[PDB]
Each structure stands twice: as structure tokens, then as C-alpha cells.
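Values quoted throughout were computed directly from the atomic coordinates according to the rules given, and no laboratory measurement underlies them. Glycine gets a Cβ as well: all are built from the backbone with ideal geometry, and neighbour counts include every protein chain shown.
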Amino acid sequence: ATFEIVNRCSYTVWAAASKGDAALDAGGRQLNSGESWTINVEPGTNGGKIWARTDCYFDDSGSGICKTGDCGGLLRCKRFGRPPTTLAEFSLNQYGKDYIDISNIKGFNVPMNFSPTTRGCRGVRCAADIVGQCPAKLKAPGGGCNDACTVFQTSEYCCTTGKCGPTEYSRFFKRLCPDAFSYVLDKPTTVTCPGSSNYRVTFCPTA
């Protein structure tokens, strides 16, 4: 599948794409304002994620730090990133269908649009000003708005028992972006698309 990653933000992001134990395509790249990066995602990939990282510094060997979404200090991510990170999530060619979602379960850093470019399903978006409205306890000094699992490390926020309900914190993310996961057992906002669809992820889709 082909994913075109678009940075429409006014600031530079460092895009990332990994399936947790490996990179997708090169794994990461700088995207200045307006740049587009096109990657290929091997068919059948299940549990892939794409995110933005902000405020990064990398040396000439691709080693460094980002303030949000750092993946162990590497430009080219192998693993998932440190919260807060707004996530686009996908599983490809699963019994003939592709599965796509946006999640705030690991917090929010950059607004995002995840839209099929091919025919047969709809996109989803989380575009609100979550960082500006973030409750003070969930604010990340680095930037972003953490999820309450990250911050408070409880069974209820982390949904450790497989039974958990919505919270004052989940409902905050849900009120601002109903079309994204807000906690692990939220009613699904997964979109089912035709198998072997191609995609666009747009950072800061509205500004």
C-alpha cells in the first residue's frame, strides 16, 4: 500500500512509521512545512503506526532526541514513540479488508487527518486544539497533552484488567475528537476500507 505523509503545519515535524518491532519503509524523516513523503507499506502489515515528532535534534549519524514521540533517539524509527503522540493506526489485508483509526490513547501532540485516497471508505480526523485546552495535570512540559494512563499509571486508566470505563480524562479527548479512540475500550471508531487501499495522512489538516 502507498501512504503519502503531508506536513501542513507551519513548523517542522519528524514523521515516523513503524510496526513496533520494525520500521515501515525508512522509518522516519524530516518534513518541513509543506513537504510530502511517500512510503510503501508491505501488504498484510498488521499493527502499523504513523506519528509526528516535534522539536527534534539529530546528529549526522541519525541519533538524537525529540520532545514528543521519540523512538529511542533514532531518526529512523524501529519501535513506537514516547507519548504524547497522536497516532494513525492501520492493519492491512486482513481477510480482504483494511482497518484504519486515529487514536488518542497515547495522548495528542499534532492534529491529524487520515483519509483514503482510493475509493470505498471515509477518512477520520482529530483537528481540535487539544494542547491548548489540555487539563493541567495531563500537560506535557515538552509539549502535547498526555493520556491519563501515562501520567497516573492506574488499572482504570490503563484498562489493565480488561474492564475499565470512560473517565473525566477520556471524555476530554472524546469531546474534542469523537472520531478518535479516547481509551482502550471506547466504542470503536475504526473505519473498514477495501483491501489494498492507499492513504494520505495530513498533519495540521486545517491550519
- [ ] Only one of these is of a type in the set (A, V, I, L, M), within 25 Å of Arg29 (Cβ to Cβ) and surrounded by fewer than 21 Cβ atoms within 10 Å (Cβ to Cβ): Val110, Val131. Name it.
- [x] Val131
- [ ] Scan the range 57-79 and give yes if some residue there is crowded, with 16+ Cβ neighbours inside 10 Å, over 18 Å from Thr2 (Cα atoms), among the hydroxyl-bearing types (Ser, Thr, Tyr) and over 10 Å from the mean Cα position of the chain (by Cα), otherwise no.
- [x] yes
TODO: Go through the range 23-44 and give me each residue that's touching a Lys or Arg at 6+ places or on another chain (Cβ under 6 Å) and either in contact (Cβ under 8 Å) with a residue 40 or more places away in the chain or surrounded by fewer than 15 Cβ atoms within 10 Å (Cβ to Cβ) (or both).
DONE: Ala23, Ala26, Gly27, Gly28
TODO: Please report, ordered by residue number, the strands (runs of 3 or more DSSP E) entirely within the range 97-207 with at least 2 residues that are in contact with an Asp or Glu (Cβ under 6 Å, 6 or more places away or on another chain).
DONE: 97-103
- [ ] Would you point out which residue out of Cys204, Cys193 is buried (at least 16 other Cβ atoms within 10 Å of the Cβ), within 14 Å of the chain's Cα centre (by Cα) and in contact (Cβ under 8 Å) with a residue 12 or more places away in the chain?
- [x] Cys204
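Okay, residues lined up against (1) surrounded by fewer than 18 Cβ atoms within 10 Å (Cβ to Cβ); (2) more than 30 Å from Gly120 (Cα to Cα); (3) not acidic (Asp, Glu):
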{"site": "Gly144", "(1), (2), (3)": "no, yes, yes"}
{"site": "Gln153", "(1), (2), (3)": "yes, yes, yes"}
{"site": "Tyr157", "(1), (2), (3)": "no, yes, yes"}
{"site": "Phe172", "(1), (2), (3)": "no, yes, yes"}
{"site": "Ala180", "(1), (2), (3)": "no, no, yes"}
{"site": "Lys187", "(1), (2), (3)": "yes, no, yes"}
